[PDB]
Amino acid sequence: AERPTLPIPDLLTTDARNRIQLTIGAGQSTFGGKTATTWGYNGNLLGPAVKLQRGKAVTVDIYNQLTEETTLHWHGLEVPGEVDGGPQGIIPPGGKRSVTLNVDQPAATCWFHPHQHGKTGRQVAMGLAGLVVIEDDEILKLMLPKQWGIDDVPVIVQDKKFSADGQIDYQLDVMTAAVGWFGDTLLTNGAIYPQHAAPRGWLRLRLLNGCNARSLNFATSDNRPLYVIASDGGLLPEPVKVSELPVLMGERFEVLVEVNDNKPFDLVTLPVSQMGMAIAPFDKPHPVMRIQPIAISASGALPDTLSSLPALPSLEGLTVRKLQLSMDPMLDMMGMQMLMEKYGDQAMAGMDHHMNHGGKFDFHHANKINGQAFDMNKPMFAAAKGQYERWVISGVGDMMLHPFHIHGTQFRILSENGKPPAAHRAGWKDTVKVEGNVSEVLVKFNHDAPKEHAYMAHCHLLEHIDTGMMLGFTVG
Ligand SMILES: [Cu+2]
Ligand SMILES: [Cu+2]
Ligand SMILES: [Cu+2]
Ligand SMILES: [Cu+2]
Ligand SMILES: [O-]
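Just so we're aligned, residue 2 is where the sequence shown starts under this note's numbering, counting upward by one.
Here you go:
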């Protein structure tokens, strides 16, 4: 049997009333020939790509047809707290909420997903994620590959595991609270190892790591390079050639890759040094999708220059905020123990050389920032509006991977886990690696967020969010 074609999310623009309609609902999908209940936006699984233009306002009407509450957060969008769709942005089951997004940031690939309090991991695992394609005047002048689903394609990479009956096997338990929910089956826009037919020339891939907990590292099967043109928050100043591209949970990169006649190749993910993530089949390079060259010329360009990246400002005088991540030691130890007991030594491959005691010992509030498991009723601080701040985020105290994400902003990384950032990570980012060390970012918030619709700052390993590793903050 041939590989299925790569599914392409619909690219959705506004109607005459200036509205985009998103319906959140349950349906069925098929994986390895077996039906599973899944959730999607405007469909059974995943979601569309919402197209936004800088300087234009759109209204999004969001219909929750689930039987449980949800929220809809626009990861990477610089919007006021009131429309941010964090855990306070509740959409009742069977209800509708509308938001007006006044887009004011550069071209970028962002995404959207639920932020339901304590249930974000489950709701993403069940299928809910969509994309956001922001354009501006600058990017169109570059003449990059631009034919959606032909030479400009989104690639949403996610793992799942399934029970014997075919259903998605999600659990938030002591093991997954520590190390995350991860699986043995890799999906690419919902499909298992699809093919994508691409014209000769440049192919633009908009890569999203949509896994709950699994870090990825993209490369090609024949070692042809990837030319990174954009990070979370938009274009780099010029392309950065890489042989491999690590991507943390919730991160996006756009790359160009060459397509040549008669030479199919795979996009793959290489084994990562993260606990639990190198269990077979992920102990070896794992195909993500096959690129099948078509002998028709593609028109897109890889320009020498992409955008202007402003200089980092002087750091003296700027407010320095400390955010100390932590995990309860006992529940960290217990989750790791359960991982080791289940999978053995392979659960640490590639790393460096039972009674009820009450609510005090509950893993549901075991993970914390500044000594506090997330309290939706108490923002931890008020950040300045329109002012650069230096946020220092420490994971010293444990060795888990914490891709740290801050709502309401695109920031510049100053130190990523104790080193200056790689060139392709030195531009606009909404995520920074924290793993047993300290990161520092330069952040600015252009929009207000009140106590009642506060911004969040959190680890993007979803099971850590749901077990407390998040804080709220206000702006303005
Ligand atoms: Cu996110
Ligand atoms: Cu976000
Ligand atoms: Cu974490
Ligand atoms: Cu978030
Ligand atoms: O998020």
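Quick reminder that beta carbons are idealized off the backbone N, C-alpha and C, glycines included.
Is it the case that the CB of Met457 approaches a heavy atom of ligand 5 more closely than 8 Å? Along the sequence shown, one-based indexing puts residue 457 at 456. Answer for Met457: yes, Cβ within range of ligand 5.
Say the cut is 8 Å; is the CB of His408 nearer than that to a heavy atom of ligand 4? For this step, residue 408 is matched to residue 407 along the sequence shown. Yes, ligand 4 has a heavy atom inside 8 Å of this Cβ.
Can we count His114 as close to ligand 5, meaning its CB is less than 8 Å from some heavy atom? Stepping through the sequence shown from its first residue, residue 114 is reached at position 113. It does: the Cβ of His114 is within 8 Å (strictly closer) of some heavy atom of ligand 5.
Nearest residue (CA-CA) to residue 1, options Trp149, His114, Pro93: Limits of the chain in this structure are 2 at one end and 477 at the other, which puts residue 1 out of reach.
May I have a chain-ordered list of the alpha helix (DSSP H) segments no shorter than 4 residues that lie completely inside the segment 303-350? 330-344
Tell me which residue opens and which closes the alpha helix (DSSP H) that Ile295 is part of. Residue numbering aside, residue 295 sits at position 294 when the sequence shown is read from its first letter. That residue, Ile295, is in no alpha helix (DSSP H); its beta strand (DSSP E) goes 287-298.
Taking the alpha-carbon of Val269 as reference, which of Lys147, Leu188, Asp85 has the nearest alpha-carbon? What you label residue 269 is simply residue 268 of the sequence shown in a count that begins at 1. Comparing Cα positions, the closest option is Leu188.
Smallest Cα separation from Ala214: which of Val125, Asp166, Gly26, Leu129? Counted from its first residue, the sequence shown places residue 214 at position 213. Closest by alpha carbon: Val125.
Start and end residues, beta strand (DSSP E) containing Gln148: As a working note, residue 148 is residue 147 in the sequence shown. Counting along the chain, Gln148 falls outside any beta strand (DSSP E), and DSSP gives it neither H nor E.
Please state whether DSSP places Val269 in a helix, a strand or coil. Position 268 of the sequence shown, counted from the start, is the residue given in the question as residue 269. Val269: strand per DSSP, three-state reduction.
Tell me the DSSP bridge mates of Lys35? For this step, residue 35 is matched to residue 34 along the sequence shown. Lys35 pairs with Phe32.
According to DSSP, which residues form a beta bridge with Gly26? In the sequence shown, residue 26 corresponds to position 25, counting from 1. Answer is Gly41.
Would you be able to state if there are at least three C-beta pairs under 8 Å between the segment 146-159 and the segment 188-202? yes
Near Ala37, which residues of its chain fall below 8 Å by C-beta distance, leaving aside the five closest residues on each side in sequence? Locating residue 37 in the sequence shown gives position 36, where the first residue counts as 1. So the list reads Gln29, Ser30, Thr31, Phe163, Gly167, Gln168, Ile169, once near-sequence residues are dropped.
Taking the C-alpha atoms as reference points, what is the distance between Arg291 and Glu417? Translated into positions along the sequence shown, residue 291 becomes position 290. Translated into positions along the sequence shown, residue 417 becomes position 416. Roughly 32 Å separates the two Cα atoms.
Within its chain, find whatever has a CB closer than 8 Å to the CB of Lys445; leave out the 5 residues flanking it on each side and keep chain order. The residue given as residue 445 occupies position 444 in the sequence shown. Excluding sequence neighbours, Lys445 sits near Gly387, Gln388, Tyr389, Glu390, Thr410, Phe412.
For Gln196, which beta-bridge partners are listed by DSSP? Counted from its first residue, the sequence shown places residue 196 at position 195. Paired residue(s): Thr6, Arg291.
Taking buried to mean at least 16 other C-beta atoms within 10 Å of its own C-beta, is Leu246 buried or exposed? Residue mapping note: residue 246 aligns to position 245 of the sequence shown, counting from 1. Label assigned to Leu246: buried.
Note down the Cα distance separating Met377 from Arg322, rounded to an integer number of angstroms. The sequence position of residue 377 within the sequence shown is 376, counting from 1. The sequence position of residue 322 within the sequence shown is 321, counting from 1. About 20 Å.
Check the C-beta distance from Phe266 over to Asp223 and give it rounded, since I have them as a contact under 8 Å. The residue labelled residue 266 in the question sits at position 265 within the sequence shown. The residue labelled residue 223 in the question sits at position 222 within the sequence shown. With a Cβ gap of about 5 Å, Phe266 and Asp223 count as contacting.
Any heavy atom of ligand 1 closer than 8 Å to the CB of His76? One-based indexing of the sequence shown puts residue 76 at position 75. Answer for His76: yes, Cβ within range of ligand 1.
Rounded to whole angstroms, what's the CA-CA distance from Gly419 to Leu249? Just pull it up for me. Translated into positions along the sequence shown, residue 419 becomes position 418. Translated into positions along the sequence shown, residue 249 becomes position 248. If I take the Cα positions, the gap works out to 17 Å.
Considering just the uninterrupted stretch of the alpha helix (DSSP H) at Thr475, what are its terminal residues? Residue 475 sits at position 474 when you count from the first residue of the sequence shown. Element bounds for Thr475: not the alpha helix (DSSP H) but the beta strand (DSSP E), 471-476.
Consult DSSP for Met250 and reduce its assignment to one of helix, strand or coil. Counting from 1 along the sequence shown, the entry for residue 250 is found at position 249. Coil.
Going by alpha carbons, who is nearest to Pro451 out of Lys430, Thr72, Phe382? Position 450 of the sequence shown, counted from the first residue, corresponds to residue 451. The shortest Cα separation from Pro451 among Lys430, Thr72, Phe382 belongs to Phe382.
Is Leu141 buried or exposed, if buried means 16 or more other CB atoms sit within 10 Å of its CB? Residue mapping note: residue 141 aligns to position 140 of the sequence shown, counting from 1. With fewer than 16 other Cβ atoms within 10 Å, it is exposed.
Helix, strand or coil at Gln117 according to DSSP, with G and I counted as helix: Sequence index remark: in the sequence shown, residue 117 carries index 116 (1-based). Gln117: coil per DSSP, three-state reduction.
Assuming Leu12 and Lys57 make a contact with CB atoms under 8 Å, what is their CB distance in whole Å? What you label residue 12 is simply residue 11 of the sequence shown in a count that begins at 1. What you label residue 57 is simply residue 56 of the sequence shown in a count that begins at 1. Contact doesn't hold; Cβ gap of about 16 Å is too wide.
What are the residues that DSSP puts in a beta bridge with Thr101? Indexing the sequence shown from 1 puts residue 101 at position 100. In DSSP, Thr101 forms a bridge with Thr60.
Considering only heavy atoms of ligand 3, does any lie closer than 8 Å to the CB of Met337? Translated into positions along the sequence shown, residue 337 becomes position 336. It does not: the Cβ of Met337 is nowhere closer than 8 Å to a heavy atom of ligand 3.
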